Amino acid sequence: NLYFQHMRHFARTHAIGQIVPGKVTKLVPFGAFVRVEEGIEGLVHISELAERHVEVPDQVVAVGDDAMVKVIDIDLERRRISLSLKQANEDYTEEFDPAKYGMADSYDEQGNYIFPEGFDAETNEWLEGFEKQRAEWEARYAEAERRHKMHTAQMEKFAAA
């Protein structure tokens, strides 16, 4: 079963709560399907489109719209990924929280930051011979930033209210 395997891979590479970019692919009476990271599709249920009540999804999104959504549930049995636009926006903060955009593994159970393998907290510099790890990290971070920036844009485009 390839689909299960893909969705499982997805679940194991994304934390619940993660906020991710998506493209709206399809509208239905009960919500809007969104393709996540040019990957696979989740559902934004109609009640999770916005804070206000909504009679049809078109009231909030349209096919082809880009958006940042929160992953709120992953059901590998029913092979549904649940998404929320509403909650993504509820959790937005002008201040950047990398945990919510792809770097949750840089935080422990308390929420304390974990200095990555190869970075010297004392020296505050990357250790020579770790260029691979520096690269991967810098990349992950950049993406997390991009994502937050986009979300900011989405919130700014809330000049609707």
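From 1 onward, residues are counted along the sequence shown.
- As the entry records it, the average C-alpha temperature factor is higher for 126 to 134, out of 126 to 134 and 88 to 96.
- Looking at 43 to 51 and 116 to 124 together, the entry lists the larger mean B-factor for 116 to 124, computed on C-alpha atoms.
- Ranked by C-alpha B-factor against the other modelled residues of its chain, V20 falls in the lowest third.
- In the deposited entry, the Cα temperature factor of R147 places it in the lowest third of its chain's modelled residues.
- In this PDB entry, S106 carries a Cα temperature factor that places it within the lowest third of its chain's modelled residues.
- Among the modelled residues of its chain, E38 has a C-alpha B-factor that falls in the highest third according to the deposited record.
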